[PDB]
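Engineer: Dropping in work.csv, which is CSV, C-alpha atoms:
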chain,number,residue,atom,x,y,z
U,1,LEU,CA,-37.6,13.8,-0.1
U,2,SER,CA,-38.0,14.0,-3.9
U,3,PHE,CA,-35.6,14.6,-6.9
U,4,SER,CA,-36.6,16.1,-10.2
U,5,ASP,CA,-35.2,17.8,-13.4
U,6,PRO,CA,-31.5,17.1,-14.0
U,7,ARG,CA,-29.7,19.9,-15.8
U,8,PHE,CA,-26.2,20.4,-17.0
U,9,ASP,CA,-24.0,23.4,-17.1
U,10,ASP,CA,-21.3,24.2,-19.7
U,11,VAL,CA,-18.0,22.3,-19.8
U,12,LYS,CA,-15.4,24.0,-17.6
U,13,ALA,CA,-12.4,23.5,-19.9
U,14,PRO,CA,-12.1,22.5,-23.6
U,15,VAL,CA,-10.7,19.3,-25.0
U,16,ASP,CA,-7.1,20.2,-25.8
U,17,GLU,CA,-6.7,22.1,-22.6
U,18,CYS,CA,-8.0,19.1,-20.6
U,19,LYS,CA,-5.7,16.8,-22.5
U,20,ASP,CA,-2.7,19.0,-21.8
U,21,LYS,CA,-3.2,20.0,-18.2
U,22,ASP,CA,-4.0,16.4,-17.1
U,23,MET,CA,-7.5,17.3,-15.9
U,24,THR,CA,-10.7,15.5,-16.7
U,25,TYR,CA,-13.3,16.8,-19.1
U,26,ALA,CA,-16.5,17.3,-17.3
U,27,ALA,CA,-19.6,19.4,-16.7
U,28,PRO,CA,-21.5,20.2,-13.5
U,29,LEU,CA,-24.8,18.5,-12.7
U,30,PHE,CA,-27.8,20.2,-10.9
U,31,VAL,CA,-30.8,18.4,-9.4
U,32,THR,CA,-33.8,20.2,-8.1
U,33,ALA,CA,-34.4,18.4,-4.7
U,34,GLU,CA,-37.7,18.8,-2.8
U,35,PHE,CA,-38.4,17.9,0.9
U,36,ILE,CA,-42.0,17.4,1.9
U,37,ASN,CA,-43.4,17.3,5.4
U,38,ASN,CA,-46.5,15.0,5.5
U,39,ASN,CA,-48.4,15.7,8.7
U,40,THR,CA,-47.6,19.4,9.0
U,41,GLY,CA,-47.3,20.4,5.3
U,42,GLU,CA,-44.2,22.1,4.0
U,43,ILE,CA,-42.1,21.9,0.9
U,44,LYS,CA,-38.4,23.0,0.8
U,45,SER,CA,-37.4,23.1,-2.8
U,46,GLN,CA,-33.7,23.7,-3.4
U,47,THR,CA,-31.0,23.1,-6.0
U,48,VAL,CA,-28.3,20.6,-5.3
U,49,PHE,CA,-24.9,20.2,-7.0
R,1,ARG,CA,-29.2,5.0,2.7
R,2,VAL,CA,-27.5,7.8,4.6
R,3,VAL,CA,-30.4,10.1,3.6
R,4,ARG,CA,-32.9,7.9,5.3
R,5,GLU,CA,-30.5,7.4,8.2
R,6,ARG,CA,-29.8,11.0,8.9
R,7,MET,CA,-33.4,12.0,8.2
R,8,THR,CA,-34.6,10.7,11.6
R,9,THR,CA,-31.7,11.5,13.8
R,10,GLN,CA,-31.5,15.3,13.5
R,11,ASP,CA,-34.9,16.9,14.2
R,12,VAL,CA,-37.7,18.0,11.9
R,13,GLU,CA,-38.1,21.7,11.0
R,14,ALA,CA,-34.3,22.1,10.9
R,15,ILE,CA,-33.4,19.9,7.9
R,16,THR,CA,-33.0,21.1,4.4
R,17,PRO,CA,-32.0,19.1,1.2
R,18,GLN,CA,-28.5,20.6,1.2
R,19,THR,CA,-28.0,19.1,4.7
R,20,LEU,CA,-29.8,15.9,3.8
R,21,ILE,CA,-27.8,15.1,0.6
R,22,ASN,CA,-24.3,13.8,0.7
R,23,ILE,CA,-22.9,13.4,-2.9
R,24,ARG,CA,-19.6,11.7,-1.9
R,25,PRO,CA,-20.7,8.1,-2.7
R,26,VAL,CA,-22.2,9.2,-6.1
R,27,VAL,CA,-19.1,11.0,-7.2
R,28,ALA,CA,-16.9,8.2,-5.8
R,29,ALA,CA,-19.0,5.6,-7.7
R,30,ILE,CA,-18.5,7.5,-11.0
R,31,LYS,CA,-14.7,8.0,-10.4
R,32,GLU,CA,-14.3,4.3,-9.5
R,33,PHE,CA,-16.1,3.3,-12.6
R,34,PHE,CA,-14.0,5.4,-14.9
R,35,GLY,CA,-10.8,4.4,-13.3
R,36,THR,CA,-9.9,0.8,-12.3
R,37,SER,CA,-12.5,-1.0,-14.4
R,38,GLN,CA,-12.1,-3.5,-17.1
R,39,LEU,CA,-14.7,-2.0,-19.4
R,40,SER,CA,-13.3,1.6,-19.3
R,41,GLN,CA,-10.1,0.8,-21.3
R,42,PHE,CA,-7.2,2.8,-22.6
R,43,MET,CA,-7.9,3.9,-26.1
R,44,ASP,CA,-5.9,1.8,-28.6
R,45,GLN,CA,-4.6,4.4,-31.0
R,46,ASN,CA,-1.8,3.4,-33.4
R,47,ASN,CA,-3.8,4.6,-36.4
R,48,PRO,CA,-7.3,5.7,-37.3
R,49,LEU,CA,-8.5,2.1,-38.0
I,1,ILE,CA,-52.1,40.1,7.0
I,2,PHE,CA,-49.9,38.1,4.6
I,3,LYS,CA,-50.1,40.0,1.4
I,4,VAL,CA,-47.5,40.2,-1.4
I,5,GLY,CA,-44.6,42.4,-0.3
I,6,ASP,CA,-44.0,41.5,3.3
I,7,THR,CA,-40.7,40.6,5.1
I,8,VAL,CA,-41.5,37.8,7.5
I,9,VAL,CA,-39.1,35.8,9.7
I,10,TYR,CA,-39.0,32.0,9.7
I,11,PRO,CA,-38.1,30.2,13.0
I,12,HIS,CA,-34.5,29.3,12.1
I,13,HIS,CA,-34.1,30.0,8.4
I,14,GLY,CA,-34.0,33.8,8.7
I,15,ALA,CA,-36.0,36.7,7.3
I,16,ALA,CA,-37.7,36.0,3.9
I,17,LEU,CA,-39.8,37.8,1.4
I,18,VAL,CA,-43.2,36.7,-0.1
I,19,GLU,CA,-44.1,36.9,-3.8
I,20,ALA,CA,-47.2,34.8,-4.5
I,21,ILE,CA,-50.1,33.0,-2.9
I,22,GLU,CA,-50.5,29.5,-4.4
I,23,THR,CA,-53.8,27.7,-4.6
I,24,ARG,CA,-52.2,24.3,-5.0
I,25,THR,CA,-54.6,21.4,-4.9
I,26,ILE,CA,-54.7,19.2,-1.8
I,27,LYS,CA,-57.5,16.7,-1.4
I,28,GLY,CA,-59.3,18.3,-4.3
I,29,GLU,CA,-59.3,21.7,-2.5
I,30,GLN,CA,-57.2,24.8,-3.0
I,31,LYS,CA,-55.5,25.5,0.3
I,32,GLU,CA,-53.9,29.0,0.2
I,33,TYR,CA,-50.2,28.2,0.1
I,34,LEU,CA,-47.9,31.2,0.5
I,35,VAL,CA,-44.4,31.0,-0.9
I,36,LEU,CA,-41.2,32.3,0.6
I,37,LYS,CA,-37.8,33.3,-0.8
I,38,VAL,CA,-35.1,33.1,1.8
I,39,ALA,CA,-31.7,34.0,0.4
I,40,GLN,CA,-29.3,32.0,2.6
I,41,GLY,CA,-29.6,28.9,0.4
I,42,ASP,CA,-32.2,30.2,-2.1
I,43,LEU,CA,-34.8,27.6,-0.9
I,44,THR,CA,-38.5,28.2,-1.5
I,45,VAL,CA,-40.7,27.3,1.5
I,46,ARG,CA,-44.5,27.0,0.9
I,47,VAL,CA,-46.8,26.8,3.9
I,48,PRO,CA,-50.6,26.7,4.4
I,49,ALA,CA,-52.3,30.0,5.2
I,50,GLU,CA,-53.2,29.0,8.8
I,51,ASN,CA,-50.5,26.6,10.0
I,52,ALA,CA,-47.8,29.3,9.6
I,53,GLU,CA,-48.6,30.6,13.1
I,54,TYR,CA,-48.5,27.0,14.4
I,55,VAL,CA,-45.0,26.3,13.0
I,56,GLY,CA,-43.9,29.8,14.2
I,57,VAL,CA,-43.8,32.1,11.3
I,58,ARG,CA,-43.1,35.3,13.2
I,59,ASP,CA,-43.6,38.8,11.9
I,60,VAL,CA,-40.9,41.5,11.8
I,61,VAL,CA,-39.9,43.5,14.9
I,62,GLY,CA,-39.9,47.3,14.9
I,63,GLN,CA,-40.6,48.6,18.4
I,64,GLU,CA,-39.1,48.6,22.0
I,65,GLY,CA,-38.3,44.9,21.6
I,66,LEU,CA,-35.2,46.3,19.9
I,67,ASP,CA,-34.2,48.0,23.1
I,68,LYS,CA,-35.2,44.8,25.0
I,69,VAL,CA,-32.9,42.6,22.9
I,70,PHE,CA,-30.2,45.3,23.2
I,71,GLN,CA,-30.3,45.2,27.0
I,72,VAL,CA,-30.5,41.4,26.7
I,73,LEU,CA,-27.3,41.4,24.6
I,74,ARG,CA,-25.7,43.8,27.1
I,75,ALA,CA,-27.0,41.9,30.2
I,76,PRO,CA,-24.6,40.9,33.0
I,77,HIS,CA,-25.9,37.4,33.3
I,78,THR,CA,-23.7,34.6,32.0
I,79,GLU,CA,-24.2,31.1,33.4
I,80,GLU,CA,-24.0,27.7,31.9
I,81,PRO,CA,-24.2,24.1,33.2
I,82,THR,CA,-21.0,22.3,34.1
I,83,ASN,CA,-20.9,19.8,31.2
I,84,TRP,CA,-20.5,20.9,27.7
I,85,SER,CA,-23.1,18.5,26.3
I,86,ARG,CA,-25.9,19.9,28.4
I,87,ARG,CA,-24.7,23.4,27.8
I,88,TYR,CA,-24.7,22.8,24.0
I,89,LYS,CA,-28.2,21.1,24.2
I,90,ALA,CA,-29.7,24.1,26.1
I,91,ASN,CA,-28.1,26.6,23.7
I,92,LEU,CA,-29.4,24.6,20.7
I,93,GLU,CA,-32.9,24.5,22.2
I,94,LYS,CA,-32.8,28.3,22.7
I,95,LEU,CA,-31.5,28.7,19.1
I,96,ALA,CA,-34.3,26.4,17.7
I,97,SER,CA,-36.9,28.3,19.7
I,98,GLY,CA,-36.9,31.0,17.1
I,99,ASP,CA,-37.1,34.0,19.5
I,100,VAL,CA,-35.0,37.1,19.0
I,101,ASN,CA,-34.3,37.6,22.7
I,102,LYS,CA,-33.3,34.0,23.1
I,103,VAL,CA,-31.0,34.1,20.1
I,104,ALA,CA,-29.5,37.3,21.6
I,105,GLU,CA,-28.9,35.4,24.8
I,106,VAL,CA,-27.2,32.6,22.8
I,107,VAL,CA,-24.9,35.0,20.9
I,108,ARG,CA,-23.9,37.0,24.0
I,109,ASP,CA,-23.0,33.8,25.9
I,110,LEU,CA,-21.1,32.3,23.0
I,111,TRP,CA,-19.3,35.5,22.2
I,112,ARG,CA,-18.4,36.1,25.8
I,113,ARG,CA,-17.1,32.5,26.1
I,114,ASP,CA,-15.2,32.8,22.8
I,115,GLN,CA,-13.5,36.1,23.7
I,116,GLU,CA,-12.6,34.6,27.1
I,117,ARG,CA,-11.6,31.0,26.2
I,118,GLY,CA,-12.3,29.8,22.6
I,119,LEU,CA,-14.3,26.6,22.7
I,120,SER,CA,-14.8,24.6,19.5
I,121,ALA,CA,-15.4,24.5,15.8
I,122,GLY,CA,-19.0,23.2,16.2
I,123,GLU,CA,-20.0,26.0,18.5
I,124,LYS,CA,-18.1,28.4,16.2
I,125,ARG,CA,-20.4,27.3,13.4
I,126,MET,CA,-23.3,27.7,15.8
I,127,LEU,CA,-22.3,31.2,16.7
I,128,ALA,CA,-21.8,32.1,13.1
I,129,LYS,CA,-25.3,30.8,12.2
I,130,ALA,CA,-27.0,32.5,15.1
I,131,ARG,CA,-25.1,35.8,14.4
I,132,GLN,CA,-26.1,35.5,10.8
I,133,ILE,CA,-29.8,35.1,11.6
I,134,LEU,CA,-29.7,37.9,14.2
I,135,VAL,CA,-27.9,40.3,11.9
I,136,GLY,CA,-30.2,39.6,9.0
I,137,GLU,CA,-33.3,39.9,11.1
I,138,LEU,CA,-32.4,43.3,12.5
I,139,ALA,CA,-30.9,44.5,9.2
I,140,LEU,CA,-34.2,43.7,7.4
I,141,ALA,CA,-36.2,44.9,10.3
I,142,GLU,CA,-35.0,48.4,10.8
I,143,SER,CA,-33.8,48.7,7.2
I,144,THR,CA,-30.5,49.7,8.6
I,145,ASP,CA,-27.8,48.9,6.0
I,146,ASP,CA,-26.6,45.3,6.5
I,147,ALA,CA,-22.9,45.0,7.6
I,148,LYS,CA,-23.5,48.4,9.2
I,149,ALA,CA,-25.8,46.2,11.1
I,150,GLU,CA,-22.6,44.4,11.8
I,151,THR,CA,-21.0,47.6,12.9
I,152,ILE,CA,-23.8,48.3,15.3
I,153,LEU,CA,-23.4,44.6,16.4
I,154,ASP,CA,-19.8,45.5,17.2
I,155,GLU,CA,-21.1,48.5,19.2
I,156,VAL,CA,-23.5,46.4,21.3
I,157,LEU,CA,-20.8,43.7,21.7
I,158,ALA,CA,-18.4,46.3,23.1
I,159,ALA,CA,-21.4,47.4,25.3
Using structure tokens, write down the structure from this file.
Structural biologist:
Amino acid sequence: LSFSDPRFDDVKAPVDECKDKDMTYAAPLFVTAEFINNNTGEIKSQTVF
Amino acid sequence: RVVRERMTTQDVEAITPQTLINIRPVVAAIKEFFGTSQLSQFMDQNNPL
Amino acid sequence: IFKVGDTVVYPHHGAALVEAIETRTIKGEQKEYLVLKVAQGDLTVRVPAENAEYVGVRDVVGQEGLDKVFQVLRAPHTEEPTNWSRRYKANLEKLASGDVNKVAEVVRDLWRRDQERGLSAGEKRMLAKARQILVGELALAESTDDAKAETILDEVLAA
């Protein structure tokens, strides 16, 4: 199993709204995983949150 | 650790990265760093200095 | 037979398209990898040009096997072993076999036992997955309007 290429989305809520609504200020993270079968030969590339 | 554990138990040809990957310890590690640590402190604001 | 534009069926990932033939280098040689685009989890599966039939990449179905799996779905036979563990193992093996008639047997047994008793959340997830792969297979096979594929599934479940 292999990971590659981290990539961020946009922030889900701005700073003053996050400070007012008592919610953390974050952004989602995406990692392109890849699962390789050695003897048979397959690659299952996906996208994981 | 749990990826290489559950990689061998359930069979080949049925596994995918989204069934291999469990993001709960990663997100709990980030949350338990940002809360309840002595290096992530409350910001000391009485004034700009 | 595998050119660009097919609709082939993987063993237990569902029916998928093809869009390219990759000549990706392995051992200094360009083995003809063919790519897949299966839309249940948007994963791309790339397989060598000759081991696809070994792993069970099965072509689409458009003949009297449709009537065969219809009479398999509307068959009178319903028998399972006494213990739920062996019953689940046998149904999981028939699901992982990747055959349309066997998947039809799995969904008719699970749907009969769920409309009679109601078993479990794990077998509910199993029935949802097998119904998803059967509905998607026939809807991309006959090109017969998916979720009206679910209406004709309701028809053959009513039998």
Engineer: When the cut-off is 9 Å and we count all atoms listed in the file, which residues of chain U are near chain I, given as number ranges by chain?
Structural biologist: U: 40-47
Engineer: When the cut-off is 12 Å and we count only C-alpha atoms, which residues of chain I are near chain R, given as a list in words?
Structural biologist: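 Only these qualify: residues 10, 11, 12, 13, 14, 40, 41, 42, 43, 44, 45, 55, 56, 57, 92, 93, 95, 96, 97 and 98 of chain I.
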Engineer: Taking all atoms listed in the file into account, what are the residues of chain U at most 12 Å from chain R, put as a PyMOL selection string?
Structural biologist: chain U and resi 1-3+24+26+28-49
Engineer: Figure out the distance between atom CA of residue 24 of chain I and atom CA of residue 8 of chain I, please, to one decimal in Å.
Structural biologist: 21.3 Å
Engineer: If you measure from atom CA of residue 48 of chain R to atom CA of residue 20 of chain U, what distance in Å do you get, rounded to one decimal?
Structural biologist: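 Those two atoms sit 20.9 Å apart.
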Engineer: At a cut-off of 9 Å from (-20.9, 28.1, -15.5) in the coordinates of the file, what residues are picked up using only C-alpha atoms, written as a list in words?
Structural biologist: residues 9, 10, 11, 12, 27 and 28 of chain U
Engineer: What is the distance, in Å and to one decimal place, between atom CA of residue 21 of chain I and atom CA of residue 100 of chain I?
Structural biologist: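 It comes out at 26.9 Å.
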